[PDB]
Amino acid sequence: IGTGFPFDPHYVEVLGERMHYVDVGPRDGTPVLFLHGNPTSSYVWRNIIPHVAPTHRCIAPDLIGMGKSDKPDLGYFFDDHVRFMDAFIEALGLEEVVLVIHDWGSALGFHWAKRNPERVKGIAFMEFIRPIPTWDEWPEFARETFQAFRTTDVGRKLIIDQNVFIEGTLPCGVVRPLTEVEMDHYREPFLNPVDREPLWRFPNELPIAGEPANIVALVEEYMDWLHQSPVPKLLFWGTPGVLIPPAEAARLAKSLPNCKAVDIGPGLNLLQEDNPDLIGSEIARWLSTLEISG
């Protein structure tokens, strides 16, 4: 599994800040927009993109405050990410897109899709944010930890002072061992402790046991939209998963219209790190089927 990141940096001004993105593949056709989550960057897509770039433009931004994007003194609420990603998409002049989305990137993508349904041609998603009705529906092995993340004093000590989301949670979200080179690529945006704000605000935004109520409502709304939409859907899942257990993947594969589900084998949260070639290959092939009328 490749450890390099052989993509030239592209930058665009967005709301007075600068955002970094990968941009490879042909200039024409429908672009494929790849959205990462917490605590990753476009690096998480590095072994997926080469499967898609022969046929499609691939655009993979770093969320504001993450990767090579700027780090303004924000709270990095989900609202902030929404504002910056909306502006990012307009700054590149994107019209119609296919979305490839993960974790908080899926919350961004689905919320954008709900508001711009005529511009989304397809959605490939994995380990995505859905409402978690009670803590029992959060995986046991991760319960204590995320409950601690969702406090001000203890959670900030863990995530900001001790960098636990990078040094601990991240490798615990991959079944295979991450190498030192991979770990250094994930560490790079957060070497300065004060820059770790997004890593702490994100788990505090997760829609768990009804809180925070604003995020729960927004996530329910885009899941309702997703259930009503005929847009082509491709769902990757692994065993045991984290956000999406196999039973829920099986349920969604039937409840969501026009949904193809693909089992990647053993996987936790960063499915891209455990089976990039299957995920990349299946996305490339599915993209081709979007042009077959049937």
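Note that residue numbering follows the sequence shown and begins at 1.
Looking at 91 to 99 and 207 to 215 together, the entry lists the larger mean B-factor for 207 to 215, computed on C-alpha atoms. The PDB entry records a higher mean C-alpha B factor for 233 to 241 than for its counterpart among 233 to 241 and 47 to 55. In this entry, the residue among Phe165, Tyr76, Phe141, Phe84 with the greatest C-alpha B factor is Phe141. Residue set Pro189, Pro117, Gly105, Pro198: peak C-alpha B-factor at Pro117 (per PDB entry). Residue-level temperature factors show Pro26 in the middle third of its chain, judged at the C-alpha atom. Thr289: CA B factor lies in the middle third for its chain, per the PDB record.
Per the PDB record, residue ranking by Cα B-factor puts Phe128 in the middle third of the chain. Remark: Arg150 belongs to the middle third of its chain, ranked by C-alpha B-factor as recorded. Annotation for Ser69: C-alpha temperature factor in the lowest third relative to the rest of the modelled chain, per the entry.
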